[PDB]
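Here's upload33.cif, which has mmCIF, C-alpha atoms and all ligand atoms:
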```
data_structure
loop_
_atom_site.label_atom_id
_atom_site.label_comp_id
_atom_site.auth_asym_id
_atom_site.auth_seq_id
_atom_site.Cartn_x
_atom_site.Cartn_y
_atom_site.Cartn_z
CA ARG Y 1 -75.14 -12.35 -10.88
CA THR Y 2 -77.76 -14.87 -11.96
CA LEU Y 3 -80.50 -13.97 -14.41
CA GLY Y 4 -83.02 -14.32 -11.58
CA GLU Y 5 -81.16 -11.80 -9.42
CA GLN Y 6 -81.18 -9.30 -12.29
CA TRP Y 7 -84.95 -9.79 -12.54
CA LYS Y 8 -85.32 -9.29 -8.79
CA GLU Y 9 -83.30 -6.06 -8.94
CA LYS Y 10 -85.35 -4.83 -11.91
CA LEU Y 11 -88.55 -5.82 -10.09
CA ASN Y 12 -87.63 -3.88 -6.95
CA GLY Y 13 -86.96 -0.82 -9.10
CA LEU Y 14 -90.43 -0.74 -10.66
CA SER Y 15 -92.94 1.99 -9.94
CA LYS Y 16 -96.22 1.12 -8.24
CA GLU Y 17 -98.14 1.59 -11.50
CA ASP Y 18 -95.63 -0.33 -13.63
CA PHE Y 19 -95.75 -3.09 -11.01
CA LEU Y 20 -99.51 -3.56 -11.43
CA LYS Y 21 -99.34 -3.68 -15.23
CA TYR Y 22 -96.42 -6.13 -15.26
CA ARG Y 23 -97.57 -8.61 -12.61
CA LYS Y 24 -100.45 -9.99 -14.73
CA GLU Y 25 -99.17 -9.39 -18.28
CA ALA Y 26 -99.46 -12.64 -20.31
CA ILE Y 27 -100.19 -14.79 -17.23
CA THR Y 28 -103.05 -17.30 -17.15
CA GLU Y 29 -105.77 -16.29 -14.69
CA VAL Y 30 -108.89 -18.19 -13.70
CA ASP Y 31 -112.36 -16.97 -12.73
CA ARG Y 32 -112.87 -16.50 -8.98
CA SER Y 33 -116.41 -15.07 -9.00
CA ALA Y 34 -118.44 -18.19 -8.17
CA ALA Y 35 -115.91 -18.89 -5.42
CA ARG Y 36 -116.37 -15.43 -3.89
CA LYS Y 37 -120.19 -15.41 -3.94
CA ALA Y 38 -120.60 -18.90 -2.50
CA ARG Y 39 -117.92 -17.94 0.05
CA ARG Y 40 -120.44 -15.54 1.61
CA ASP Y 41 -123.77 -17.30 0.81
CA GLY Y 42 -122.87 -20.51 2.75
CA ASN Y 43 -122.70 -22.46 -0.54
CA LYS Y 44 -120.21 -25.22 0.36
CA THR Y 45 -121.90 -27.19 -2.45
CA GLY Y 46 -121.10 -25.13 -5.55
CA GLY Y 47 -117.92 -27.01 -6.47
CA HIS Y 48 -116.09 -23.70 -6.83
CA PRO Y 49 -112.44 -23.94 -5.69
CA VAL Y 50 -111.56 -22.12 -2.47
CA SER Y 51 -108.36 -20.58 -3.85
CA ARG Y 52 -106.29 -19.97 -6.97
CA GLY Y 53 -103.95 -22.75 -5.82
CA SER Y 54 -106.49 -25.31 -7.01
CA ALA Y 55 -106.03 -24.33 -10.69
CA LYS Y 56 -102.22 -24.26 -10.26
CA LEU Y 57 -102.22 -27.94 -9.15
CA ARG Y 58 -104.75 -29.20 -11.90
CA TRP Y 59 -102.18 -27.47 -14.43
CA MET Y 60 -99.48 -29.92 -13.25
CA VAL Y 61 -101.62 -33.11 -12.62
CA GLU Y 62 -103.17 -32.87 -16.05
CA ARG Y 63 -99.72 -32.59 -17.65
CA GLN Y 64 -98.62 -35.48 -15.39
CA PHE Y 65 -95.94 -33.56 -13.55
CA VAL Y 66 -97.43 -35.23 -10.45
CA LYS Y 67 -99.96 -38.07 -10.11
CA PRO Y 68 -101.59 -38.01 -6.65
CA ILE Y 69 -102.45 -41.39 -5.16
CA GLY Y 70 -102.95 -43.17 -1.84
CA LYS Y 71 -102.48 -40.98 1.22
CA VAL Y 72 -101.77 -37.32 0.39
CA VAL Y 73 -100.14 -35.04 2.97
CA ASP Y 74 -100.64 -31.35 2.18
CA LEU Y 75 -98.19 -29.16 4.11
CA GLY Y 76 -99.22 -25.52 4.24
CA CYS Y 77 -102.70 -26.32 2.99
CA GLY Y 78 -104.12 -22.88 3.80
CA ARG Y 79 -107.76 -22.81 2.75
CA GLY Y 80 -107.29 -26.27 1.24
CA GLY Y 81 -107.18 -25.64 -2.50
CA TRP Y 82 -104.74 -28.46 -3.19
CA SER Y 83 -106.45 -30.74 -0.67
CA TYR Y 84 -109.92 -30.45 -2.20
CA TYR Y 85 -108.58 -30.89 -5.73
CA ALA Y 86 -106.61 -34.01 -4.80
CA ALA Y 87 -109.73 -35.43 -3.13
CA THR Y 88 -111.46 -35.57 -6.54
CA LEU Y 89 -108.78 -37.72 -8.18
CA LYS Y 90 -109.34 -41.44 -8.54
CA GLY Y 91 -106.04 -42.67 -7.11
CA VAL Y 92 -106.46 -40.67 -3.90
CA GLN Y 93 -107.97 -42.28 -0.80
CA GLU Y 94 -106.99 -39.96 2.06
CA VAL Y 95 -105.93 -36.31 2.27
CA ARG Y 96 -104.30 -34.91 5.42
CA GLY Y 97 -103.58 -31.19 5.29
CA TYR Y 98 -101.66 -29.08 7.80
CA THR Y 99 -101.39 -25.30 7.99
CA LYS Y 100 -100.07 -22.74 10.45
CA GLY Y 101 -103.17 -20.63 10.99
CA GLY Y 102 -103.53 -17.87 13.52
CA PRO Y 103 -103.80 -14.18 12.68
CA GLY Y 104 -102.54 -13.36 9.21
CA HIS Y 105 -102.50 -17.00 8.07
CA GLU Y 106 -105.28 -18.68 6.12
CA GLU Y 107 -107.73 -20.93 7.98
CA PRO Y 108 -108.96 -24.15 6.32
CA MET Y 109 -112.42 -23.81 4.77
CA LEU Y 110 -114.98 -26.59 5.14
CA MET Y 111 -116.45 -27.45 1.73
CA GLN Y 112 -118.62 -30.18 0.26
CA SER Y 113 -116.84 -30.55 -3.08
CA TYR Y 114 -116.49 -34.04 -4.52
CA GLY Y 115 -114.59 -36.28 -2.11
CA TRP Y 116 -114.71 -33.90 0.86
CA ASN Y 117 -115.21 -36.81 3.28
CA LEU Y 118 -111.60 -37.84 2.55
CA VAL Y 119 -110.18 -34.44 3.56
CA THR Y 120 -109.03 -33.85 7.13
CA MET Y 121 -107.32 -30.49 7.59
CA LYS Y 122 -105.71 -29.45 10.88
CA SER Y 123 -104.83 -25.81 11.49
CA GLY Y 124 -102.51 -24.53 14.19
CA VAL Y 125 -99.65 -26.77 13.02
CA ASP Y 126 -96.23 -25.27 12.28
CA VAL Y 127 -94.77 -27.74 9.79
CA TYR Y 128 -91.18 -26.90 10.82
CA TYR Y 129 -91.80 -28.80 14.08
CA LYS Y 130 -94.31 -31.46 13.08
CA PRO Y 131 -92.90 -35.00 12.85
CA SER Y 132 -93.11 -36.75 9.51
CA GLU Y 133 -95.61 -39.54 8.89
CA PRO Y 134 -95.88 -42.18 6.15
CA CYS Y 135 -97.60 -40.99 2.99
CA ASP Y 136 -97.75 -41.73 -0.74
CA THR Y 137 -98.10 -38.18 -2.11
CA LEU Y 138 -96.35 -35.14 -0.63
CA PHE Y 139 -97.54 -31.57 -1.25
CA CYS Y 140 -95.85 -28.45 0.10
CA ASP Y 141 -96.93 -24.98 -1.02
CA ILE Y 142 -95.13 -22.75 1.50
CA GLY Y 143 -93.11 -19.64 0.70
CA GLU Y 144 -93.79 -16.08 1.83
CA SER Y 145 -92.36 -13.70 -0.75
CA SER Y 146 -90.22 -10.73 0.26
CA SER Y 147 -88.52 -7.78 -1.41
CA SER Y 148 -85.20 -9.24 -0.22
CA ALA Y 149 -84.03 -12.20 -2.29
CA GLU Y 150 -81.72 -13.09 0.61
CA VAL Y 151 -84.77 -13.50 2.86
CA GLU Y 152 -86.45 -15.66 0.22
CA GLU Y 153 -83.29 -17.77 -0.03
CA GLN Y 154 -83.30 -18.52 3.70
CA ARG Y 155 -87.04 -19.25 3.61
CA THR Y 156 -86.61 -21.54 0.60
CA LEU Y 157 -83.72 -23.50 2.12
CA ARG Y 158 -85.62 -23.94 5.39
CA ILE Y 159 -88.52 -25.44 3.43
CA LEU Y 160 -86.19 -27.66 1.40
CA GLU Y 161 -84.59 -28.84 4.65
CA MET Y 162 -87.96 -29.69 6.18
CA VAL Y 163 -89.44 -31.53 3.19
CA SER Y 164 -86.53 -33.97 2.95
CA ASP Y 165 -87.52 -35.56 6.28
CA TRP Y 166 -90.87 -36.24 4.61
CA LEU Y 167 -89.35 -37.50 1.36
CA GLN Y 168 -87.15 -40.00 3.20
CA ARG Y 169 -90.43 -41.65 4.26
CA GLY Y 170 -90.79 -43.01 0.73
CA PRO Y 171 -93.44 -40.95 -1.13
CA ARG Y 172 -92.97 -41.01 -4.69
CA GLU Y 173 -95.26 -38.45 -5.98
CA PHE Y 174 -94.49 -34.95 -4.75
CA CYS Y 175 -95.17 -31.31 -5.61
CA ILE Y 176 -93.10 -28.82 -3.61
CA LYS Y 177 -93.01 -25.06 -4.15
CA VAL Y 178 -89.60 -23.40 -4.56
CA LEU Y 179 -90.18 -19.73 -3.76
CA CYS Y 180 -86.73 -18.51 -4.84
CA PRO Y 181 -85.17 -21.02 -7.26
CA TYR Y 182 -82.68 -18.57 -8.83
CA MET Y 183 -80.28 -18.10 -5.90
CA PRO Y 184 -77.08 -20.19 -5.99
CA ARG Y 185 -77.59 -21.87 -2.60
CA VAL Y 186 -81.06 -23.01 -3.68
CA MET Y 187 -79.81 -24.32 -7.04
CA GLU Y 188 -77.07 -26.40 -5.38
CA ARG Y 189 -79.53 -27.78 -2.82
CA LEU Y 190 -82.00 -28.69 -5.57
CA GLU Y 191 -79.39 -30.64 -7.51
CA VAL Y 192 -78.55 -32.58 -4.34
CA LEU Y 193 -82.24 -33.24 -3.70
CA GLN Y 194 -82.84 -34.11 -7.36
CA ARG Y 195 -80.04 -36.68 -7.20
CA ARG Y 196 -81.54 -38.35 -4.12
CA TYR Y 197 -85.28 -38.12 -4.88
CA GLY Y 198 -85.62 -37.24 -8.58
CA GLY Y 199 -88.09 -34.89 -10.20
CA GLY Y 200 -87.42 -31.49 -11.69
CA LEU Y 201 -88.47 -27.86 -11.75
CA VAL Y 202 -91.46 -26.48 -13.65
CA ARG Y 203 -93.02 -23.02 -13.99
CA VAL Y 204 -96.82 -22.77 -13.81
CA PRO Y 205 -98.23 -20.09 -16.15
CA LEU Y 206 -100.84 -19.14 -13.54
CA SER Y 207 -98.02 -17.74 -11.42
CA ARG Y 208 -97.73 -13.96 -11.44
CA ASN Y 209 -94.70 -12.29 -13.03
CA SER Y 210 -94.08 -10.53 -9.69
CA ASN Y 211 -92.50 -13.71 -8.26
CA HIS Y 212 -90.22 -16.45 -9.56
CA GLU Y 213 -91.86 -19.46 -7.89
CA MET Y 214 -91.29 -22.87 -9.46
CA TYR Y 215 -92.46 -26.31 -8.36
CA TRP Y 216 -90.23 -29.33 -7.75
CA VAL Y 217 -92.51 -32.08 -9.06
CA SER Y 218 -91.87 -35.81 -9.26
CA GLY Y 219 -92.82 -36.11 -12.93
CA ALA Y 220 -90.38 -33.53 -14.29
CA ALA Y 221 -86.70 -33.95 -15.16
CA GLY Y 222 -83.68 -32.24 -16.65
CA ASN Y 223 -81.08 -29.63 -15.84
CA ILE Y 224 -82.32 -27.61 -12.88
CA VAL Y 225 -80.08 -24.58 -13.46
CA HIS Y 226 -81.30 -24.12 -17.03
CA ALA Y 227 -85.00 -24.53 -16.21
CA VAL Y 228 -84.62 -21.62 -13.80
CA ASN Y 229 -82.76 -19.48 -16.33
CA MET Y 230 -85.30 -19.87 -19.14
CA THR Y 231 -88.03 -18.82 -16.70
CA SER Y 232 -85.86 -15.84 -15.75
CA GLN Y 233 -85.64 -14.96 -19.46
CA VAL Y 234 -89.41 -14.92 -20.00
CA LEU Y 235 -89.96 -12.80 -16.88
CA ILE Y 236 -87.37 -10.22 -17.95
CA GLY Y 237 -88.73 -10.14 -21.49
CA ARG Y 238 -92.17 -9.40 -19.98
CA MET Y 239 -90.74 -6.32 -18.17
CA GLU Y 240 -89.36 -4.83 -21.41
CA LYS Y 241 -92.80 -4.22 -22.91
CA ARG Y 242 -94.71 -1.54 -24.88
CA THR Y 243 -97.86 -3.44 -25.96
CA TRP Y 244 -99.28 -4.46 -22.53
CA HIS Y 245 -102.12 -6.81 -23.58
CA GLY Y 246 -102.74 -8.06 -20.02
CA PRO Y 247 -103.67 -11.60 -18.90
CA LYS Y 248 -105.12 -14.60 -20.74
CA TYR Y 249 -108.35 -15.19 -18.82
CA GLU Y 250 -109.68 -18.72 -18.36
CA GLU Y 251 -112.37 -20.60 -16.48
CA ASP Y 252 -111.74 -22.85 -13.52
CA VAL Y 253 -113.09 -26.39 -13.49
CA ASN Y 254 -115.87 -27.35 -11.11
CA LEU Y 255 -114.77 -29.68 -8.33
CA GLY Y 256 -118.20 -31.30 -8.04
CA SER Y 257 -120.11 -32.46 -4.99
CA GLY Y 258 -120.90 -35.54 -2.94
CA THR Y 259 -119.15 -38.21 -0.92
CA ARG Y 260 -116.74 -40.92 -2.04
CA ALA Y 261 -116.49 -44.49 -0.74
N1 LIG J 1 -94.32 -23.04 9.11
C1 LIG J 1 -95.57 -23.09 8.44
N2 LIG J 1 -96.19 -24.16 8.88
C2 LIG J 1 -97.44 -24.45 8.40
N3 LIG J 1 -98.04 -23.66 7.50
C3 LIG J 1 -97.40 -22.56 7.06
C4 LIG J 1 -96.18 -22.27 7.52
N4 LIG J 1 -95.75 -21.15 6.95
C5 LIG J 1 -96.70 -20.73 6.12
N5 LIG J 1 -97.72 -21.59 6.18
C6 LIG J 1 -99.02 -21.64 5.52
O1 LIG J 1 -98.84 -22.17 4.02
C7 LIG J 1 -99.90 -21.76 3.42
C8 LIG J 1 -99.55 -21.50 1.91
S1 LIG J 1 -101.09 -21.26 0.98
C9 LIG J 1 -101.01 -22.51 -0.36
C10 LIG J 1 -102.36 -22.53 -1.18
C11 LIG J 1 -102.99 -23.92 -1.05
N6 LIG J 1 -102.19 -24.93 -1.66
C12 LIG J 1 -104.36 -23.85 -1.71
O2 LIG J 1 -104.52 -24.42 -2.85
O3 LIG J 1 -105.31 -23.27 -1.15
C13 LIG J 1 -100.28 -20.43 4.08
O4 LIG J 1 -101.59 -20.39 4.34
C14 LIG J 1 -99.45 -20.43 5.38
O5 LIG J 1 -100.33 -20.01 6.52
#
```
Represent the structure from my file as structure tokens, please.
Ligand SMILES: Nc1ncnc2c1ncn2[C@@H]1O[C@H](CSCC[C@H](N)C(=O)O)[C@@H](O)[C@H]1O
Amino acid sequence: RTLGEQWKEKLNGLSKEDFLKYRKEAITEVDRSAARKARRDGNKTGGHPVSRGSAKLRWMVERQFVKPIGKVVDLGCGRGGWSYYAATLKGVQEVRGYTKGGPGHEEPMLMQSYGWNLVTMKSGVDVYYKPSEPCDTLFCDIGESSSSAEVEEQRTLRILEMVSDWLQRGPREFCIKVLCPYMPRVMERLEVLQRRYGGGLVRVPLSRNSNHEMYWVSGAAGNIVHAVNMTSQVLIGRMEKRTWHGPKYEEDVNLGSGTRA
């Protein structure tokens, strides 16, 4: 019905080998080697990001889709990729990250990247039941993908319901992941939330073509329905492909080391 639902149907109908070739074609991918060697060798000093999510956030902060500052609350922090990146920025003074944890959910990693003394991560916290607290910058990177777009719709709306109780607290910088932004219920909800709190949808090139995630960021603007559709166009055009040239590889940036005031 929507262009994103046609992509989802086409995606579900792919073969296992076509799936692999399509999921990384033309996407931007960072180096994870220094992160994976230090992640055994005890090197919490290397400055190598703990996850790919770190490079996804730098992509938006550098293009000023979001400008972290003050107290940052990181819902669904996982290993802490967004938390340790935000701790390097000058405007940021405190980073509080929450994540579910338990079996099958990522546990926060303790690292000594630049500004690590400002990061406090607490695992074992289901965000759907945690009360909101005052903050200046709101992150939320939650959304478990599924072959059913109907499942993703219910998971996306539940997230968008939860984050609004945090946005009513006044933060004006925010970066919230929309797992399934092409379903009609999600589009209507986003227009309502965009009216009340602002922002807009953006697609990060480091995302994989195997999912339609887009981020509701405070520094974006414009028609939400169209921004989703033009992303749905690129993804479908990447499925119809003969010359599979693969991904554009890039280097991550070093987070640094040491304490901040
Ligand atoms: N109800 C819930 N409450 C809290 N955390 C949740 C959750 N549902 C999923 N999660 C957690 O959200 C995390 C998304 S991982 C996001 C990557 C992170 N920004 C980084 O840069 O490293 C997952 O680890 C998941 O365990």
Around all of ligand LIG 1 (chain J)'s listed atoms, make the axis-aligned box with 3 Å on each side and tell me centre and edge lengths in Å to one decimal, as lines of an AutoDock Vina configuration file.
```
center_x = -99.8
center_y = -22.5
center_z = 3.1
size_x = 17.0
size_y = 10.9
size_z = 18.0
```
Pick from Y:68, Y:4, Y:134, Y:143 nearest to ligand LIG 1 (chain J), counting only C-alpha atoms and all ligand atoms = Y:143
Report as a Markdown table: every residue of chain Y with an atom at most 9 Å from ligand LIG 1 (chain J), its closest pair of atoms, and their distance in Å to one decimal, counting only C-alpha atoms and all ligand atoms, with rows sorted by chain and ascending residue number.
```
| residue | atom | partner | partner_atom | distance |
| --- | --- | --- | --- | --- |
| Y:49 | CA | J:LIG1 | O2 | 8.4 |
| Y:50 | CA | J:LIG1 | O3 | 6.5 |
| Y:51 | CA | J:LIG1 | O3 | 4.9 |
| Y:52 | CA | J:LIG1 | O2 | 6.3 |
| Y:53 | CA | J:LIG1 | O2 | 3.5 |
| Y:54 | CA | J:LIG1 | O2 | 4.7 |
| Y:55 | CA | J:LIG1 | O2 | 8.0 |
| Y:56 | CA | J:LIG1 | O2 | 7.8 |
| Y:57 | CA | J:LIG1 | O2 | 7.6 |
| Y:74 | CA | J:LIG1 | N6 | 7.6 |
| Y:75 | CA | J:LIG1 | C2 | 6.4 |
| Y:76 | CA | J:LIG1 | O1 | 3.4 |
| Y:77 | CA | J:LIG1 | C11 | 4.7 |
| Y:78 | CA | J:LIG1 | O4 | 3.6 |
| Y:79 | CA | J:LIG1 | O3 | 4.6 |
| Y:80 | CA | J:LIG1 | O3 | 4.3 |
| Y:81 | CA | J:LIG1 | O2 | 2.9 |
| Y:82 | CA | J:LIG1 | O2 | 4.1 |
| Y:83 | CA | J:LIG1 | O2 | 7.0 |
| Y:84 | CA | J:LIG1 | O2 | 8.1 |
| Y:85 | CA | J:LIG1 | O2 | 8.2 |
| Y:98 | CA | J:LIG1 | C2 | 6.3 |
| Y:99 | CA | J:LIG1 | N3 | 3.8 |
| Y:100 | CA | J:LIG1 | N3 | 3.7 |
| Y:101 | CA | J:LIG1 | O5 | 5.3 |
| Y:102 | CA | J:LIG1 | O5 | 8.0 |
| Y:104 | CA | J:LIG1 | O5 | 7.5 |
| Y:105 | CA | J:LIG1 | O5 | 4.0 |
| Y:106 | CA | J:LIG1 | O4 | 4.4 |
| Y:107 | CA | J:LIG1 | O4 | 7.2 |
| Y:108 | CA | J:LIG1 | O3 | 8.4 |
| Y:123 | CA | J:LIG1 | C2 | 8.1 |
| Y:124 | CA | J:LIG1 | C2 | 7.7 |
| Y:125 | CA | J:LIG1 | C2 | 5.6 |
| Y:126 | CA | J:LIG1 | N2 | 3.6 |
| Y:127 | CA | J:LIG1 | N2 | 4.0 |
| Y:128 | CA | J:LIG1 | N1 | 5.3 |
| Y:129 | CA | J:LIG1 | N1 | 8.0 |
| Y:130 | CA | J:LIG1 | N2 | 8.6 |
| Y:139 | CA | J:LIG1 | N6 | 8.1 |
| Y:140 | CA | J:LIG1 | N6 | 7.5 |
| Y:141 | CA | J:LIG1 | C9 | 4.8 |
| Y:142 | CA | J:LIG1 | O1 | 4.5 |
| Y:143 | CA | J:LIG1 | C5 | 6.6 |
| Y:144 | CA | J:LIG1 | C5 | 7.0 |
| Y:159 | CA | J:LIG1 | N1 | 8.5 |
```
How would the residues just picked look written out with C-alpha atoms as a PDB file, keeping the file's coordinate frame?
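Final output, selection_4.pdb:
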```pdb
ATOM      1  CA  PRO Y  49    -112.440 -23.940  -5.690  1.00  0.00           C
ATOM      2  CA  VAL Y  50    -111.560 -22.120  -2.470  1.00  0.00           C
ATOM      3  CA  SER Y  51    -108.360 -20.580  -3.850  1.00  0.00           C
ATOM      4  CA  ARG Y  52    -106.290 -19.970  -6.970  1.00  0.00           C
ATOM      5  CA  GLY Y  53    -103.950 -22.750  -5.820  1.00  0.00           C
ATOM      6  CA  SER Y  54    -106.490 -25.310  -7.010  1.00  0.00           C
ATOM      7  CA  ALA Y  55    -106.030 -24.330 -10.690  1.00  0.00           C
ATOM      8  CA  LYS Y  56    -102.220 -24.260 -10.260  1.00  0.00           C
ATOM      9  CA  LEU Y  57    -102.220 -27.940  -9.150  1.00  0.00           C
ATOM     10  CA  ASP Y  74    -100.640 -31.350   2.180  1.00  0.00           C
ATOM     11  CA  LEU Y  75     -98.190 -29.160   4.110  1.00  0.00           C
ATOM     12  CA  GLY Y  76     -99.220 -25.520   4.240  1.00  0.00           C
ATOM     13  CA  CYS Y  77    -102.700 -26.320   2.990  1.00  0.00           C
ATOM     14  CA  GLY Y  78    -104.120 -22.880   3.800  1.00  0.00           C
ATOM     15  CA  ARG Y  79    -107.760 -22.810   2.750  1.00  0.00           C
ATOM     16  CA  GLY Y  80    -107.290 -26.270   1.240  1.00  0.00           C
ATOM     17  CA  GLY Y  81    -107.180 -25.640  -2.500  1.00  0.00           C
ATOM     18  CA  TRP Y  82    -104.740 -28.460  -3.190  1.00  0.00           C
ATOM     19  CA  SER Y  83    -106.450 -30.740  -0.670  1.00  0.00           C
ATOM     20  CA  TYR Y  84    -109.920 -30.450  -2.200  1.00  0.00           C
ATOM     21  CA  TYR Y  85    -108.580 -30.890  -5.730  1.00  0.00           C
ATOM     22  CA  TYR Y  98    -101.660 -29.080   7.800  1.00  0.00           C
ATOM     23  CA  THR Y  99    -101.390 -25.300   7.990  1.00  0.00           C
ATOM     24  CA  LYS Y 100    -100.070 -22.740  10.450  1.00  0.00           C
ATOM     25  CA  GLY Y 101    -103.170 -20.630  10.990  1.00  0.00           C
ATOM     26  CA  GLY Y 102    -103.530 -17.870  13.520  1.00  0.00           C
ATOM     27  CA  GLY Y 104    -102.540 -13.360   9.210  1.00  0.00           C
ATOM     28  CA  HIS Y 105    -102.500 -17.000   8.070  1.00  0.00           C
ATOM     29  CA  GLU Y 106    -105.280 -18.680   6.120  1.00  0.00           C
ATOM     30  CA  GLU Y 107    -107.730 -20.930   7.980  1.00  0.00           C
ATOM     31  CA  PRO Y 108    -108.960 -24.150   6.320  1.00  0.00           C
ATOM     32  CA  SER Y 123    -104.830 -25.810  11.490  1.00  0.00           C
ATOM     33  CA  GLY Y 124    -102.510 -24.530  14.190  1.00  0.00           C
ATOM     34  CA  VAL Y 125     -99.650 -26.770  13.020  1.00  0.00           C
ATOM     35  CA  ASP Y 126     -96.230 -25.270  12.280  1.00  0.00           C
ATOM     36  CA  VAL Y 127     -94.770 -27.740   9.790  1.00  0.00           C
ATOM     37  CA  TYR Y 128     -91.180 -26.900  10.820  1.00  0.00           C
ATOM     38  CA  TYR Y 129     -91.800 -28.800  14.080  1.00  0.00           C
ATOM     39  CA  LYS Y 130     -94.310 -31.460  13.080  1.00  0.00           C
ATOM     40  CA  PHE Y 139     -97.540 -31.570  -1.250  1.00  0.00           C
ATOM     41  CA  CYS Y 140     -95.850 -28.450   0.100  1.00  0.00           C
ATOM     42  CA  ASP Y 141     -96.930 -24.980  -1.020  1.00  0.00           C
ATOM     43  CA  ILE Y 142     -95.130 -22.750   1.500  1.00  0.00           C
ATOM     44  CA  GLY Y 143     -93.110 -19.640   0.700  1.00  0.00           C
ATOM     45  CA  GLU Y 144     -93.790 -16.080   1.830  1.00  0.00           C
ATOM     46  CA  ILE Y 159     -88.520 -25.440   3.430  1.00  0.00           C
TER      47      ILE Y 159
END
```
Tell me which of Y:220, Y:38, Y:73, Y:180 sits closest to residue 133 (chain Y), counting all atoms listed in the file.
-> Y:73
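Rounded to one decimal, CA of residue 175 (chain Y) and CA of residue 198 (chain Y) lie 11.6 Å from each other.
If you measure from each of Y:216, Y:7, Y:166, Y:22 to residue 238 (chain Y) using all atoms listed in the file, the closest one turns out to be Y:22.
Considering only C-alpha atoms, the residue among Y:162, Y:147, Y:115, Y:89 positioned nearest to residue 131 (chain Y) is Y:162.
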Neighbour list for residue 155 (chain Y) as a ChimeraX atom specification, cut-off 12 Å, all atoms listed in the file, skip fewer than 3 positions in-chain = /Y:128,142-146,148-152,158-162,177-181,183,185-186
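If you look at CA of residue 116 (chain Y) and CA of residue 257 (chain Y), they are 8.1 Å away from each other.
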